[PDB]
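Starting off, we have a lone chain in the form deposited in one PDB entry, written out as structure tokens.
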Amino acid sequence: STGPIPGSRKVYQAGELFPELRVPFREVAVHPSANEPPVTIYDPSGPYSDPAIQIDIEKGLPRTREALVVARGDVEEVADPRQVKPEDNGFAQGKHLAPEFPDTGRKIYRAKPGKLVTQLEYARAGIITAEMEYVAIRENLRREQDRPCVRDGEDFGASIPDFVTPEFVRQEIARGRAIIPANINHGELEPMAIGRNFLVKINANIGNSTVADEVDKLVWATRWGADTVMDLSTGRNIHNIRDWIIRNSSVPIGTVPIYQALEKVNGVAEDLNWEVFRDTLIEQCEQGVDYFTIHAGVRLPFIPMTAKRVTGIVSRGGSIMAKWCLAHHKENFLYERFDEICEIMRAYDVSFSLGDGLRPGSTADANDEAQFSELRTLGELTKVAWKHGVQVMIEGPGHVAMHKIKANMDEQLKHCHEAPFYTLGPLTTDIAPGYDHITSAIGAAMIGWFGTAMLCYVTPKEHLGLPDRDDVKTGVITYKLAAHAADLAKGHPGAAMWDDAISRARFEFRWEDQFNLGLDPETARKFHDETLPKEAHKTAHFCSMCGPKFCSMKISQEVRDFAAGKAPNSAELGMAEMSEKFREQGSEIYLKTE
């Protein structure tokens, strides 16, 4: 559903370098007598929360980024785009074929030969793009550079600034420590950053009923805090379904190209080759997929290392490549043709998301040789992708017990050269199906605290079945707090502000504000009556009005001078005064100011 998020309001901040920009937020005003500024919150929901914008899925979200991508003059319009083929939708026809999105008036772009295109390429060129200033404003949460907040935490050697400037964003991208998944063909996108030195982001998974039901999956997820969304659709209508998704997505769209590639060859893993895969890549690039999960780490001699595992290979896309490597006994062609993949993704600025094909499916299989062999392989591929100018982030576990979480983070930073980490959890235990959104939340907060850039969410009933509309919301909210719990522990400038604002709300009995500042206001406002008086009782501690602290005198006397107690002190009589004033003021610990 759409409409303004309960208890909040969509607000924007314009750009300085790029006055065209309108960075989105949602503010939550507090009670007038609280004397506090409104609380600014990160908002990936997009134009669906803005009551000033009418969204028609048959038309798609307005391409507010397109005007500035062309303005760079590095992109050109593809004279002959790639027409949709029968196998793109699983050879579906007639009434069984998904409704084609009217993408008639949408220009498809490709980089001009010789010209720079990717954010990484711009960054290393000393160029600050529109997207870089966009995420800079967004990361500061509309907070003044003149007024920071005293941060208190442990980021384990991270380089988190007090204020995110567009120049700072460029530098993080320049050294591959942060990425901005922004395909040139995704004009509907509201740019976001992914890095250890920024806010922790989360991902919500959707995929394939009516296409409107699939678009609603996208809207529902992003409404409640999902930063990026992946279309893990399989089977038929993969192409047409994803058309409606990307056109109506303000958040970065992720895919696993081997999914659709496998369907074009009728689920026969050995029928996969470079020919079909290259076609799938270009197909999704011209649609505007911001990042591909490519399992180019699953090398042939890594397969026997999984023979001793308890749950074996649990990655779908990773097991596909495994089955392929067993049928031909030729090296992973995503690895052998990795150079050519980079040349394609660079032309459209598609970010790399190196897959966790050999990730642990149980706590027993965690941190085994098979997992780390792939991990160190991704680090080598990261350098190869970096040298082609393609943005990179690494994917990780999985099912990991807490005492091994730190080990995973250490290996990643060393071997993947501080590239943004992307984790599915991890799940700290395997014994709680139906509550795996909580078992993974424990691990997600920990490794997010250790320095993970983005966290892929885990639905409650994940090892039980498909998630319903309420479990998706449960998953997003659960991972939004886990990301924030990590932000709070890392001492990110703008985390405690939210914590303290709602804490003072409870303290001053400002009920409406306490419910509006809640991570899930819809649930919190269920206990709110909008007709009741919006009160704001500002009080002060009784002892704060006590001058000389008589209680300190007496205790500092009975320890050093037990002889001075045989007489009415100036402290003892002073305490009798406070007892008098306390009871006279109504025997209240917190006396009201107003």
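What we label the rigid core is the largest C-alpha set whose atoms superpose within 1.5 Å from one form to the other. Residues that one form lacks are left out of the comparison. Residue numbers here begin at 1 and follow the sequence given.
Coordinates absent for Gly357 in a third or more of other entries: No, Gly357 has coordinates in all the other entries compared.
Across other compared entries, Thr377 missing in at least a third: Residue status for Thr377: no gap in any other entry.
Unmodelled deposited residues between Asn208 and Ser209, binned: Missing in between: 4 to 9 residues.
402-410 versus 459-467 - which carries the larger mean C-alpha B factor in the record: Averaged over C-alpha atoms, the B-factors run higher in 459-467.
Stretch with the higher entry mean CA B-factor, where the candidates are 111-119 and 127-135: According to the PDB entry, the answer is 111-119.
C-alpha B-factor winner, where the candidates are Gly60, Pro32, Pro47, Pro38: Max CA B-factor in the entry, restricted to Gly60, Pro32, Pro47, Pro38: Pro32.
Residue with highest C-alpha B-factor in the PDB entry, from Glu172, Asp356, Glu190, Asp271: Across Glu172, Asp356, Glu190, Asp271, the entry lists the biggest C-alpha B-factor for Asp356.
Assigned third (lowest, middle, highest) for the C-alpha B factor of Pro99: Middle third by C-alpha B-factor.
Chain-relative CA temperature factor third for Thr255: For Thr255, whose C-alpha B-factor we compare with every modelled residue in the chain, the answer is the middle third.
Entry-reported Cα temperature factor of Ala79, expressed as the chain third it lands in: Its C-alpha B-factor, which the entry lists for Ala79, ranks in the highest third among residues of this chain.
Among modelled residues of the same chain, the CA temperature factor third for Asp339: For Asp339, whose C-alpha B-factor we compare with every modelled residue in the chain, the answer is the highest third.
Chain-relative CA temperature factor third for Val150: Its C-alpha B-factor, which the entry lists for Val150, ranks in the highest third among residues of this chain.
Beyond what is shown, the protein has a form solved in complex with a small molecule; the following relates to that form.
Contact flag, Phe515 vs the small molecule in the deposited bound form, heavy atom cut 4.5 Å: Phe515 lies outside the contact set for the small molecule.
Close approach of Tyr422 to the small molecule in the deposited bound form, 4.5 Å, heavy atom: Result yes; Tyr422 sits at the interface with the small molecule in the deposited bound form.
Touches the small molecule in the deposited bound form: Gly396 (any heavy atom, 4.5 Å): Yes.
4.5 angstroms heavy atom contact with the small molecule in the deposited bound form for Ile108: Outside the cut-off, so no.
Contact residue in the deposited bound form, chosen from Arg316, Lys115, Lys414, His328 - any heavy atom within 4.5 Å of the small molecule: Looking at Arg316, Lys115, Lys414, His328 one by one, just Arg316 meets the 4.5 Å heavy-atom criterion.
Heavy atom within 4.5 Å of the small molecule in the deposited bound form - residue from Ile282, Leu232, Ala401, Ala489: It is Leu232 that has a heavy atom within 4.5 Å of the partner.
Stretch in contact in the deposited bound form with the small molecule, which is absent here, among 384-392, 353-361, 504-512, 175-183 (heavy atoms within 4.5 Å): Within 4.5 Å of the partner lies stretch 353-361.
Rigid core superposition between the shown form and the other one: residue from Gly312, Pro161, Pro433, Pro148 with Cα shift of 2 Å or more: One residue passes the 2 Å cut-off, namely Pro148.
After core alignment, residue runs (3 or more) whose Cα moves 2 Å or more between the shown form and the other one: After superposition, residues 146-151, 525-528 shift as runs.
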